[PDB]
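Some notes on the structure that comes next.
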Amino acid sequence: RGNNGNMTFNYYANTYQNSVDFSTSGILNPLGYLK
Amino acid sequence: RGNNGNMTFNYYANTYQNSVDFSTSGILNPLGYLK
Amino acid sequence: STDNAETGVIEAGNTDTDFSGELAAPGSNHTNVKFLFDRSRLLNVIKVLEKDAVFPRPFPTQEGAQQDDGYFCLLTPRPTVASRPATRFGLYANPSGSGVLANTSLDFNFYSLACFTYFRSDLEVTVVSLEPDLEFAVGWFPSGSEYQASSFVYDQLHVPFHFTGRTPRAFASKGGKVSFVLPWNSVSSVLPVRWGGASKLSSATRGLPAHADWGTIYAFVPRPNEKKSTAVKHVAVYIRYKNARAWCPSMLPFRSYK
Amino acid sequence: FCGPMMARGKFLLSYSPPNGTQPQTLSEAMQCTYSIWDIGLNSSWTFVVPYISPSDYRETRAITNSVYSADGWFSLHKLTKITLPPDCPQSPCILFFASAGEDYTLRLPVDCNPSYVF
Amino acid sequence: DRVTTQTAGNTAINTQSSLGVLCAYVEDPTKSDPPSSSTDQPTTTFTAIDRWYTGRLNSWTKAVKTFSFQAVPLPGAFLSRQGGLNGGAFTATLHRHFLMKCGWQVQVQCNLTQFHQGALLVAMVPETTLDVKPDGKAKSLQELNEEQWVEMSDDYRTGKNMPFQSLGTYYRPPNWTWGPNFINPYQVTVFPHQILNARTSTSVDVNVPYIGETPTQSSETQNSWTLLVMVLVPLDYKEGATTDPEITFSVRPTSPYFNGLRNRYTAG
Amino acid sequence: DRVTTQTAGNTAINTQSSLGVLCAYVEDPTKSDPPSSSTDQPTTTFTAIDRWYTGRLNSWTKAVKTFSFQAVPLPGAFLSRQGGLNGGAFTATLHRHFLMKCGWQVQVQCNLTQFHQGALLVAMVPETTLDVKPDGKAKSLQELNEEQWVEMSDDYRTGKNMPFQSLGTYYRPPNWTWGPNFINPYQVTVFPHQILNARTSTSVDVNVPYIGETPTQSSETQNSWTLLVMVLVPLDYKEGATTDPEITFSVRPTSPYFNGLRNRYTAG
Amino acid sequence: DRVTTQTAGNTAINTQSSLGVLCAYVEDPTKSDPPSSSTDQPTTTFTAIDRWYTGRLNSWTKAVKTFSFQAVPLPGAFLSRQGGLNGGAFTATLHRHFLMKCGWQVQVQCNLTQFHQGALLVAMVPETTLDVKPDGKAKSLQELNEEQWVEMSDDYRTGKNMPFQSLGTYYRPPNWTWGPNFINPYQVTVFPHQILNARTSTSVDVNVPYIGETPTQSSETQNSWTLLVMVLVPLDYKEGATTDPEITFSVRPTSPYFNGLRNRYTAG
């Protein structure tokens, strides 16, 4: 979510309000493992 | 589309927000061909 | 790969044509004509009317002409001189001399990417005062129209006729801004970026189109002619091209190597 | 190639990645990405410069002349000398064109340079 | 398939070095509608104007510098009889109609052979005032014979010399610097074009439709298409070869529409 | 399961005190895609670069203070032959390609035994300029031999000594105080790391993937991973024990991608 | 089908006078197995060595007699940088491996045209010591520049001048008469070859597999294939034609197997 509360209605399209990355072709993960 | 992001709702009718031409009666095209 | 450039057609190749590789994935579309030209840029700087204007005469203008230069702005990407359409762009390199310094304008951003012969769009006009807290208003008249150059009397105050009319008038607040979009109003189908014809059959100038414009705008104070001071005030003009379309691929201006 | 039809020759067209010193030797051009072009019936050769960049995009203008803006060099070497029968004119000429590939893309419009009007 | 003989009406032109026909900017510049802006019945095509017209350009030489060019305005060359381009029934129809709409088929011939080097850029360039002097008057045939080629320089690169209205004594005369009818000489290959290289061919083919700011334009003043023949590589040869090769051109109009039938044009 | 012999190509390294392999920050730093930002075919792995490379660090002593450290830049140690780390075919491939992407497998050996106390922090630390002097030039092997260990002090805690551009005579020279390439020495255990304690083991294992600001980086300049060997507890022993134990390290690259094949690198 | 552009890796070479590719002695010299005599994993091909390498030979002249020749040993030209043939990653891999197995794709270019007569025999000849002087030492690039062409005579026809072990003072010195590395100059067309005739083509193509006395051979010493360019008909032309046409060659290795990875070769 982020620090955002006005969730009901967005005036501008997502690709104008934010960037999106282009196509090429809680419960926490541990940062380290042992073998 | 053009440089436009507020896609959800238009207040004015199309023939007032823009011109339209009157009736008379991506993948890019090549600008030249060879016969 | 082998080709013949004399064909006039050359296939756009890739890395995999001769060598080992693949296509670079697309990631942008900003070269779209409707996206590129849809941004505002400075057209011209005009003086503000405080009285009923006398519209500038057609060329060649002779000595002693009583007229108000510098108040009217053609809505053209094309070059202008003295609020009338021009072929060559002109500028002044030196202050010294005698005579009137004519106003000239260009959209440098347009010709930096036209790159085409014909253009048509709607035109968002935005008017910004260069003087702080100015109360001003914008008058527009379309292509083929003209300025109504007279005044009428109310309570012994001369009220010019350009305060009214059937064409749009937009009153800004004190320190406010004016913004509105204009349709393609010409008798012509499109605007010629470059032109080879002639408008008249006699004494016309080759390459000067008559109606390659979205009309003319002017700035005026919403006060009668009796209220005047000597201090001249200035107004900047911004234009934005809406739903831009282009035809007939052509050249970009020469870049000097000096 | 705009020379006469009777002319025969070979050229080596080489694209070099960025380096501490620009390559000048034909042996150094041979170690880079290169193609040999033969003079013959077809007069033209289309050389596609490969996109080899550390980042996904590259800068159009080399302000600081970094690796993100200057992508090496293209060079032309003669492989063999051009051979002519007698009464041919000396020094033929190679006409150069630049063009965008089918994968070419542009981003982030900026202010123009108005230097052309002055 | 380098041998092509193209037939139109009673005229057939032949080449044995055909590079193909450059069809820009539609798949067929003959496919086209009655012009929607005039309501009188148009004068359409017939078999005595469905034909080719041939004219002569000035000789190409060693002394012709890079990017020097010849300008052939269309239909202005028919109106001016530039290079002997008499148009017969087509010019007779041009002088008697107010409006004219057509495309163009052009072929330029230059008689090269082996032991010669050089390249000619042959383009249909919209839109030009290159046939007009900087004083605003069109070039006469004597002046076109005296050039003998237009030299590229600072003017014609920036548009500084294009025809203009003088401001008069009321205004300061401005320093004219730039104009939109420039030629950027490195960029002329954007237009519908072929290259007449001495190596590969003696003739080139370009096929263009009607274009304009209006769906039809005035017969007397339009210059919507211009045949531009520009040197890319200068001529060189050893002595004993053919000096001064000639340049000819063949012009055919496609799908003509004539409107506003009236008497023969007399200037004011 | 303390006895592990790990095999790669023609090289096999053995330990009898294995603490396991620290896999951060993915479950397998060998699982990885062709780099999406270059369209030429990458030079992928082969069995003569699918192997381990071994180098020597400086001796650990009683006089080495707390948090004194040695910095091994990767792949910079191969380029500089730091500690005798000749890379053979891998370095030959590095000097002939503009781009390089790989992860790293590292193992550091130090020959402790009983009757010795001390602890060594062995971490792969992104991203460091610790191999570079404060004047902006990289350390030579003579200078790395003369240190013999880098002392922690006010500089290297605050980043005050990191390489910089001088402002010049136009500006007042500012008081340099802080920089983002600091070492906070108490916090180095956030990185993928193991501790070479004298009590429990003689060798440690850390396994890291490729990371970067771009999906591939330049072969000559990147320092995206650095093997940091830092003292936590100083060496102490009674006389008669082995003076000056040696520190060796073994480095293996994982899933290398090479792009931009060109001649051998020559500096300007 | 005389226009062929053959692509390998990042390098593409073009010809407009292709006679086809001579595939001897199998239908495809790229179809081949891992070498059965070494059990380590071979270093196989990758896209920065899957490419062409180009070098220069000495100029062909009127004064070059019949059957005079130039010898290009493979891979020896890469090791010696003969004719500017820098091999980059391929030579870097050669110097770091004990064994090498590959075939070869070769193309030789010479810029003839009309008004010239002469013929060049271009053959891949197994197996030669033609790059070696009769004293047993290999030719330097200065000596290869001074020849400028090797003259056929009594030696090189009978094998009398091939490298040999001297018997010493104990034995009578024998009259050396014959050797099996002779060139029979009329019989060089038995080898995989094409003829670079001035009449018909400017370039020739020969494609050969790996051969040897063993299923792999030492990288430093093997000369299993040699590019031989030999004059069949001398150059003749009238004055005013292009003097001294140049001879270039392009070499590509096919299916390389490298064995015995070790440090860079240093001679004793």
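Since every read-out is calculated from the coordinates, none of them should be taken as a lab result. Neighbour counts run over all protein chains shown; Cβ positions are idealised from the backbone, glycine included.
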Q: Having 2 or more residues that are in contact with a helix residue (DSSP H, G or I) (Cβ under 7 Å, 6 or more places away or on another chain) is the bar; report the strands (runs of 3 or more DSSP E) wholly within the stretch C:69-181 that clear it.
A: C:151-154
Q) Which one is farthest from F:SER32 (Cα to Cα) among residues in the stretch F:66-124 that are of a type in the set (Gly, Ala, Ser) and part of a strand (DSSP E or B)? A) F:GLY118
Q. Does C:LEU191 qualify as being surrounded by 21 or more Cβ atoms within 10 Å (Cβ to Cβ) and of a type in the set (A, V, I, L, M)?
A. yes
Q: Test D:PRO114 against the stated conditions and say whether it is surrounded by fewer than 19 Cβ atoms within 10 Å (Cβ to Cβ) and touching a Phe, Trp or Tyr at 6+ places or on another chain (Cβ under 6 Å).
A: yes
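Only one residue in D:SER14, D:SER27, D:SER35 is buried (at least 23 other Cβ atoms within 10 Å of the Cβ), within 14 Å of G:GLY55 (Cα to Cα), at the interface with chain G (Cβ under 7 Å from one of its Cβ atoms) and small (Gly, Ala, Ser). Which one?
D:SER35
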Q: Note down all Cβ pairs under 7 Å where the first residue falls in the stretch F:77-99 and is more than 14 Å from chain D (Cβ to nearest Cβ) and within 22 Å of F:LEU130 (Cα to Cα), the second is β-branched (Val, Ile, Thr) and part of a helix (DSSP H, G or I), and they're at least six residues apart or on different chains.
A: F:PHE78/F:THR91
Q. Just one of the numbered conditions (1) of a type outside the set (D, E, K, R); (2) facing chain E (nearest Cβ under 9 Å); (3) in contact with a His (Cβ under 7 Å, 6 or more places away or on another chain) is not true of C:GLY97; which one?
A. (3)
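Tell me which residues, restricted to the stretch E:125-147, are over 17 Å from the mean Cα position of the chain (by Cα) and either surrounded by fewer than 19 Cβ atoms within 10 Å (Cβ to Cβ) or not in a loop (DSSP other than H, G, I, E, B) (or both).
Selection gives E:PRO134, E:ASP135, E:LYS137, E:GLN142, E:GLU143, E:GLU146, E:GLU147.
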(Q) So in the stretch F:92-101, with the set limited to residues that are surrounded by fewer than 23 Cβ atoms within 10 Å (Cβ to Cβ) and either of a type in the set (D, E, K, R) or in contact with a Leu (Cβ under 9 Å, 6 or more places away or on another chain) (or both), which one is farthest from F:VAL229 (Cα to Cα)? (A) F:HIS95
Q | When residues of the stretch F:36-61 are limited to those that are closer than 23 Å to G:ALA89 by Cα and of a type in the set (D, E, K, R), the one surrounded by the most Cβ atoms within 10 Å (Cβ to Cβ) | A | F:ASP40
**Q.** Flag if G:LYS139 is more than 30 Å from G:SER166 (Cα to Cα) and among the charged types (D, E, K, R)
**A.** no
Q: Please determine, by comparing only the residues of the stretch F:1-35 that are within 9 Å of another protein chain (Cβ to nearest Cβ), under 18 Å from F:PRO256 (Cα atoms) and touching an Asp or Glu at 6+ places or on another chain (Cβ under 7 Å), which one is surrounded by the fewest Cβ atoms within 10 Å (Cβ to Cβ).
A: F:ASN10
Q. Given the structure, is G:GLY88 within 17 Å of the chain's Cα centre (by Cα) and closer than 30 Å to F:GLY88 by Cα?
A. no
Q) Does C:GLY90 count as more than 30 Å from D:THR33 (Cβ to Cβ), within 14 Å of chain E (Cβ to nearest Cβ) and surrounded by fewer than 19 Cβ atoms within 10 Å (Cβ to Cβ)? A) no
Q: State which residue is farthest from the chain's Cα centre (by Cα) when the search covers only the stretch C:65-123 and only residues that are under 21 Å from C:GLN148 (Cα atoms) and aromatic (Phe, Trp, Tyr).
A: C:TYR71
Q.
Just to check your reading of the model, which residue among E:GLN222, E:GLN165, E:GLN194 is in contact with a helix residue (DSSP H, G or I) (Cβ under 7 Å, 6 or more places away or on another chain) and within 7 Å of chain C (Cβ to nearest Cβ)?
A. E:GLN194
Q.
acidic (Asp, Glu), surrounded by 19 or more Cβ atoms within 10 Å (Cβ to Cβ) and more than 7 Å from chain E (Cβ to nearest Cβ): which single residue out of C:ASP107, C:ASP133 fits that description?
A. C:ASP107
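Residue-by-condition table, conditions (1) out of contact with any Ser or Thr (no Cβ under 9 Å at 6 or more places or on another chain); (2) part of a strand (DSSP E or B); (3) buried (at least 21 other Cβ atoms within 10 Å of the Cβ):
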residue: G:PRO234; (1), (2), (3): no, yes, no
residue: G:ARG252; (1), (2), (3): no, yes, yes
residue: G:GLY260; (1), (2), (3): no, yes, no
residue: G:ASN263; (1), (2), (3): yes, no, no
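Results for (1) under 29 Å from F:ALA63 (Cβ atoms); (2) assigned to a loop (DSSP other than H, G, I, E, B); (3) of a type in the set (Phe, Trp, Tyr), shown as yes or no for each residue.
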| position | (1), (2), (3) |
| --- | --- |
| F:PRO180 | no, yes, no |
| F:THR189 | yes, no, no |
| F:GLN194 | yes, no, no |
| F:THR200 | yes, yes, no |
| F:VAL204 | yes, no, no |
| F:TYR210 | no, yes, yes |
| F:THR214 | no, yes, no |
| F:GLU220 | no, yes, no |
| F:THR226 | yes, no, no |
Q) Looking at the stretch D:47-99, which of its residues are over 14 Å from the mean Cα position of the chain (by Cα), more than 14 Å from chain G (Cβ to nearest Cβ) and more than 22 Å from F:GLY212 (Cα to Cα)? A) D:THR60, D:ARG61, D:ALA62, D:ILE63, D:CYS93
Q: For residues that are among the hydrophobic types (A, V, I, L, M, F, W, C) and under 22 Å from D:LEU41 (Cβ atoms), scanning just the stretch E:188-217, find the one that is surrounded by the most Cβ atoms within 10 Å (Cβ to Cβ).
A: E:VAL204
Q: Mind listing whichever residues of the stretch G:8-55 are outside any loop (DSSP other than H, G, I, E, B) and more than 21 Å from the chain's Cα centre (by Cα)?
A: G:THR43
Q: Restricting attention to the stretch C:13-40, report how many residues are crowded, with 17+ Cβ neighbours inside 10 Å, part of a loop (DSSP other than H, G, I, E, B) and within 14 Å of chain G (Cβ to nearest Cβ).
A: 5
Q) Of everything in the stretch C:230-250 that's small (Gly, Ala, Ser) and away from chain E (no Cβ under 14 Å), which residue is surrounded by the fewest Cβ atoms within 10 Å (Cβ to Cβ)? A) C:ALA231
